[PDB]
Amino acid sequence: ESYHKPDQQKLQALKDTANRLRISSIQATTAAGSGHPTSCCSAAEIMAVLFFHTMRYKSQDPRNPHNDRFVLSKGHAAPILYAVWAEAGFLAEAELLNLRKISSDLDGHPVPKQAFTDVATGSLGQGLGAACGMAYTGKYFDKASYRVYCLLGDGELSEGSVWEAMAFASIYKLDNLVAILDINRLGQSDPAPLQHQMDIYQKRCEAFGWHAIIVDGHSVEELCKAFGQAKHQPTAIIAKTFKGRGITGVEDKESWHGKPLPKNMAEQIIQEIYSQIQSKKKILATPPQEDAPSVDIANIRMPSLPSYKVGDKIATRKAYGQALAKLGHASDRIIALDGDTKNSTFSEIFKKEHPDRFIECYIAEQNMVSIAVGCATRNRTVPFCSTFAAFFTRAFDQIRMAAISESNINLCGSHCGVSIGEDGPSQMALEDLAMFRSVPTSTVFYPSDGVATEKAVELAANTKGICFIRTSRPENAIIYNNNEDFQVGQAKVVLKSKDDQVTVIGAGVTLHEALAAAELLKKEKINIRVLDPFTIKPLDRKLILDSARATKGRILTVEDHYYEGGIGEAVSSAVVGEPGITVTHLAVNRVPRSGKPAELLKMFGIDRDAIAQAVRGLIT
């Protein structure tokens, strides 16, 4: 636990290691013909000191739950990440030369198919948020001794998501977290705004609550000392470096970002760098203290059935909070995150019952998603984050990268559609189905009553990938019995007869408007089938087609969402070309406006009267 103050031999070995890391970064990117060697070279001493002096980890078990965590937020320096894991003996040295090949897993940016990578990076400014999740988990959930280190670029610090993470770490006193800023003066296409004004970086980090240390980022001794001292708050090591450090004629120059060295130049430069290496002997990693606890990864089952009764009124946003609090008694791994909307999403119910597992993320949706991704790494927790569904559009790049990170997180977005009424369109989610359907690992739950909501929470907890649950503001009636069985990809026919003339597909508020339309139409001797998809992705194609073939081939979809990328388009894409099938589509055709929920459902053509009129037009 004491700092091991290095002797001159250890320091020289760390210098030798940094220069081996430079050589490998050049060799690999020259072999591939693409990549970012100058972005690797500015970080070589940082990487050497982190992996061969400061960090504690099992070199043959990178995912080990007791290990210190390292997050390469500037993911385009991937070649030097691969180099340190070869230096540590986990990766074969020859495999480094296969960088970016389709036959290799040493891809252009780090990805979790690599045992030594927890989260994919490559979209800049997201790594510190994931690191914050890891550090929060280590400090407050695992209560373990591992530390979390996150390496960022200086151009990267222009992303606002970075400063959300900065503020989060000081709010939650993440003294097990270290951010290393590679201040190499240059971005991709020009100098970074602050260049080498190290004092301004220090002032910005200190103002956001971090202990900020300016170092020479090419001095292994200064780095050892800065990493070695006792942290009392999150610590920023602000490293003055030169891009392309060690590449004569390229160091500190523009026009070299993302440019590999040609073969002839690489050979010449590598010879120069090799001439600076005093010994070929490698430093061994040091293993960690093994005090992370065991976690139960068994299937998660609710402690009881839903306790609703058919006919009761409840909004699915309220049923979400009730179900999430219940799920917290079913599993110690459930955590909840919310962005200052807990009284609107009803995640406050979970907070009241399991306060130690609720994370207030404040008005910072991008960081909230990144925190959840970090908390889910190494399967330590099962996160549920919530806000208005409209404000998950603020975090789309984090959600996109979460799928590239093969992350298992759960997202519940409330206040979907025009049915929220008077707040108007800034608060109305009308594109969230399009957004989440386009996320490749996603399961999109759209529960239509309190029972389906509780069942969706339970299923989501046990489902891999990006799970989205779309909840609603109107109080609608319970239509399912408490022992109704639900499955991902299985729809429900909630009204049927042998004389059905259309299959009407609705969800949430428009399922209840479709049931109301069915009652109106029965007064004119017109029966319609009503189908509740339950999951919009994956869609129950078979039940939709079987239903349509029983209703003259006619499908009518109605949704509180824009036309593009929603339920209607999913249904059309599923059935196109099937003989005799037709699909009519009712949705929201433009930016809405303020009014009462029923007034807006009418104005935008997705209420019971619009459904009934569409049905009549189909019959004639």
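Residue indices: 1-based, along the sequence shown. Rigid core here is just the name for the largest C-alpha set that superposes within 1.5 Å across the two forms.
Colleague: Which of these two stretches, 428-436 or 223-231, has the larger RMS Cα offset in 7 other deposited structures of this protein when the rigid core is kept aligned?
Modeller: Clearly, after the core fit, the stretch farther away in 7 other deposited structures of this protein is 223-231.
Colleague: Take the C-alpha B-factors listed in the entry for 466-474 and for 229-237, compute each mean, and give the stretch with the larger one.
Modeller: Here the higher of the two C-alpha B-factor means belongs to 229-237.
Colleague: Mind pulling up the entry and telling me whether 284-292 or 188-196 has the higher mean Cα temperature factor?
Modeller: Between 188-196 and 284-292, it is 284-292 that shows the higher mean C-alpha B-factor.
Colleague: Check the PDB entry and point out which of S438, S386, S161, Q268 has the largest C-alpha temperature factor.
Modeller: Within the set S438, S386, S161, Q268, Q268 shows the top C-alpha B-factor.
Colleague: From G489, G155, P110, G339, can you pick the one with the highest C-alpha B factor in the entry?
Modeller: Among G489, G155, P110, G339, the highest C-alpha B-factor in the entry belongs to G489.
Colleague: Taking the C-alpha B-factors as the PDB entry records them, is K263 in the lowest, middle or highest third of its chain?
Modeller: Within its chain, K263 is a middle-third residue by C-alpha B-factor, going by the deposited values.
Colleague: Using the B-factor values recorded in the entry, state whether the Cα atom of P37 falls in the lowest, middle or highest third among the modelled residues of its chain.
Modeller: Tercile = lowest for this residue's CA B-factor.
Colleague: Taking the values exactly as deposited, rank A574 by C-alpha B-factor within its chain and report the matching third: lowest, middle or highest.
Modeller: Highest third - that is where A574 ends up once the chain's C-alpha B-factors are sorted.
Colleague: When the deposited Cα B-factors of this chain's modelled residues are ordered and cut into thirds, is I528 in the lowest, the middle or the highest one?
Modeller: Its C-alpha B-factor, which the entry lists for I528, ranks in the highest third among residues of this chain.
Colleague: By its CA B factor, does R147 count among the lowest, middle or highest third of the modelled residues in the chain?
Modeller: Tercile = middle for this residue's CA B-factor.
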